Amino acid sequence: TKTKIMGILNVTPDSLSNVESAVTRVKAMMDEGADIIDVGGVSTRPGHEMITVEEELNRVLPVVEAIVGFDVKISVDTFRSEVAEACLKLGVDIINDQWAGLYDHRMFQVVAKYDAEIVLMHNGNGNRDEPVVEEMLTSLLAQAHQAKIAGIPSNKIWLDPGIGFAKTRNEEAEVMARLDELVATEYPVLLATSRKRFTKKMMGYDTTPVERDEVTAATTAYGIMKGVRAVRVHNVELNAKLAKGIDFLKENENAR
């Protein structure tokens, strides 16, 4: 089918980016073509301090509670089962786990409990004994099997290469050049490179985040041609409109 467009909603201020004002943005995102709304309030980067579970729920639930009643799939960016279960009780559809269940292994039992979808992102401290691609596939496939043991079917298990996590710009380029190997897993692949430092290397010069939406859409079109099924972007309108063109051209070539 179509490539799902996952919009970013950051609860907190962020360098790359109120309840009533958040709902206004959520309504704007779907009009720009957002298929999924990823609500996040955490960051697994080393340049941050981990916040308590109670603080995280005070961040996501006021916005989630308002938006669960819309005609859109809702994704929650969290790696702690207590936060995901609380959102799953409200009726969210996707749990975006940045640690792929490594931080909290109860995430698989909770997501499978509510018959929901889970995103498994490749992450780490940056150390590995094998090449980044082989290490990424080894780590993700092991976590993907753990979700299937819990009862989650393969269609509902998403794989994210984790661009910007435990990788250098050279290791990120090695992953982006071999995206077909990650799609060969037959799991739906989610690509998230919106306004990231990888994007900065594509232009070759120092830029602000908002001027990296064009090269972000380039990764979107390139990813769809490789076989990815969803993209996590900031600029929904540019990527959702561009993805529809690539999906149109890919379906047109397959039909003819």
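All residue numbers are counted from 1 along the displayed sequence.
Gap between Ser17 and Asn18: 4 to 9 deposited residues without coordinates. Higher average CA B factor: 78-86, of the stretches 93-101 and 78-86.
Stretch comparison (67-75 versus 145-153) by mean CA B-factor in the PDB entry places 67-75 on top. Ranking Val42, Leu191, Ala218, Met225 by Cα temperature factor from the entry places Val42 first. Among all modelled residues in this chain, the alpha-carbon of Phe198 has a temperature factor (C-alpha) in the middle third. Remark: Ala22 belongs to the highest third of its chain, ranked by C-alpha B-factor as recorded. Ranked by Cα temperature factor within the chain, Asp129 sits in the highest third according to the deposited record. Per the PDB record, residue ranking by Cα B-factor puts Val236 in the middle third of the chain.
In the deposited entry, the Cα temperature factor of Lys4 sits in the bottom third of values across the chain's modelled residues.
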